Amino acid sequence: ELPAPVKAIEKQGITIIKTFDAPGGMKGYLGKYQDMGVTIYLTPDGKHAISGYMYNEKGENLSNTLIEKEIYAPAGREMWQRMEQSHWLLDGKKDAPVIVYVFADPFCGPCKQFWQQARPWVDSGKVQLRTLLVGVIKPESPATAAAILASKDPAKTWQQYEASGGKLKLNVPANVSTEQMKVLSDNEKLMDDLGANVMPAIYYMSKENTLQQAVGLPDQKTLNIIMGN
């Protein structure tokens, strides 16, 4: 179905997703190479095609913009909304401009270190952390997570738990209640879909409104990026 120059580019290992309208009398083709988006532009003469990246007068990489909006953004918007709708615990001001979701377990050492790393931004009102608790690392992870979900102020209990390094004493109930069992079960199902079993599993949005991830304790550059610097 494809113009010959585009078929030649196909043979270099590119699979075509869709056509699109491009500037300057050029027809666009969006494709993938090993799951990375690629853009191809058919020239006006119709007898040549260019595989590469298009830039505009303002210096914007329009090919990256298009690949982000058409390939990556839809799955990211959906995961972001799913986390938004889950039972997360608030850490920081409800009006903090930067939102960060974190999967955490009570017996995760690195989760508490990341909790400490976040304090300067959280305690200044810049970032809110939204924790999705799971109970998967240790045998008592489910009950311990359930005990904090059961407390009168779960979000405050979680802060005390992380700040104290897990030394905070709890009243653990006779069993995980059906409501608490649902929260934990849903949170691990969202964690599984996201592909990280190591914690903290940190999710945040790029300036391009694409979902980004950090797993384990971030280094200084990744931390500063997560926190919106």
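Heads up: residue numbers just count along the shown sequence, starting at 1.
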| property | result |
| --- | --- |
| Higher-B stretch (mean Cα B-factor, as the entry records it), 41-49 or 162-170 | 41-49 |
| Mean Cα B-factor comparison, 214-222 or 201-209, giving the higher one as deposited | 201-209 |
| Highest-ranked of 131, 157, 85, 116 once sorted by CA temperature factor in the record | 85 |
| Per the PDB entry, maximal CA B factor within 66, 36, 194, 54 | 194 |
| Among modelled residues of the same chain, the CA temperature factor third for residue 190 | highest |
| Record-listed C-alpha B factor of residue 153: chain third | middle |
| Third of the chain's Cα B-factor distribution that residue 112 belongs to, per the entry | lowest |
| Position of residue 123 among the chain's modelled residues by C-alpha B-factor, lowest, middle or highest third | middle |
| Third assignment of residue 179 from its chain's C-alpha B-factors | highest |
